[PDB]
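K.L.:
Got an experimental structure here, sequence first:
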Amino acid sequence: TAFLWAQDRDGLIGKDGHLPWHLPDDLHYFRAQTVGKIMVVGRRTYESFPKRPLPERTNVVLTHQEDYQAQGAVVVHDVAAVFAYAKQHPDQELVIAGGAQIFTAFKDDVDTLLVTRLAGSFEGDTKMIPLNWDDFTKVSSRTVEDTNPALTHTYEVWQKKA
């Protein structure tokens, strides 16, 4: 299972309840990362999400409710309910998108990690969860210095070890 998200110098991710705005470049990666397959998302996330469900992207809703539903999307309550779907759907891949509440949920199950270290700084009140970098291994990491000094980023790909 993979985890795709972007972190800045400070290591921020997003907001919890501000609704400021989203970047076009930083947004393309957030989705393009696992789009086109079984991408998980928090209930709160699936809501704000540009669309429900996503066009060409299988989404999943994680909530403590045992009756929670979604139009087209899949409804799960934890990392056990998601793996259950992906279990019956060995054709598609399982990659968690968010949110933070969902990140630390699969942190102990994630077999692969994806982080984008952006040189520039980003605002927000929500920080990234405590990842066990010691439990995982870095398989790839290279920074990309674009024209914009703040639009820079590093693509890190980690693989959970035993």
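P.N.:
Yes, it's here. Numbers count the residues shown, from 1 in each chain.
K.L.:
Any idea which residue is closest to the centre of the protein?
P.N.:
residue 97 (2.3 Å; CA atoms, centre = their mean).
K.L.:
Shouldn't that residue be within a strand?
P.N.:
Yes - according to DSSP: H, G, I helix; E, B strand; the rest coil, residue 97 belongs to a strand.
K.L.:
Nearest spatial neighbour of residue 125, chain-adjacent residues omitted?
P.N.:
Nearest residue to residue 125, sequence neighbours excluded (CB to CB, 6 or more residues apart in numbering): residue 16, at 5.4 Å. In this view, the C-beta of every residue, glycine as well, is placed from N, C-alpha and C.
K.L.:
how many other residues sit next to that neighbour?
P.N.:
11 (other CB atoms under 10 Å).
K.L.:
go on, residue 99?
P.N.:
By other CB under 10 Å, neighbour count at residue 99 equals 22.
K.L.:
Assess the claim that it and residue 40 are in contact.
P.N.:
No - the pair residue 99 and residue 40 fails to qualify as a contact (CB atoms under 8 Å) at a distance of 10.3 Å.
K.L.:
what comes up buried for stretch 124-139?
P.N.:
Within stretch 124-139, the residues scored as buried using 16 or more other CB atoms under 10 Å are 126, 128, 129, 131, 136.
K.L.:
will you turn those into TSV that also has distance to residue 45 and secondary structure?
P.N.:
Shown next, in TSV, are the buried residues of stretch 124-139 (distance: CB to CB, whole Å; DSSP: H, G, I helix; E, B strand; the rest coil):
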residue	distance to residue 45	secondary structure
126	12	strand
128	15	coil
129	14	coil
131	19	coil
136	23	strand
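K.L.:
now the residues you listed as TSV including distance to residue 46?
P.N.:
Converted to TSV, the buried residues of stretch 124-139 look like this (distance: CB to CB, whole Å):
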residue	distance to residue 46
126	17
128	20
129	19
131	23
136	27
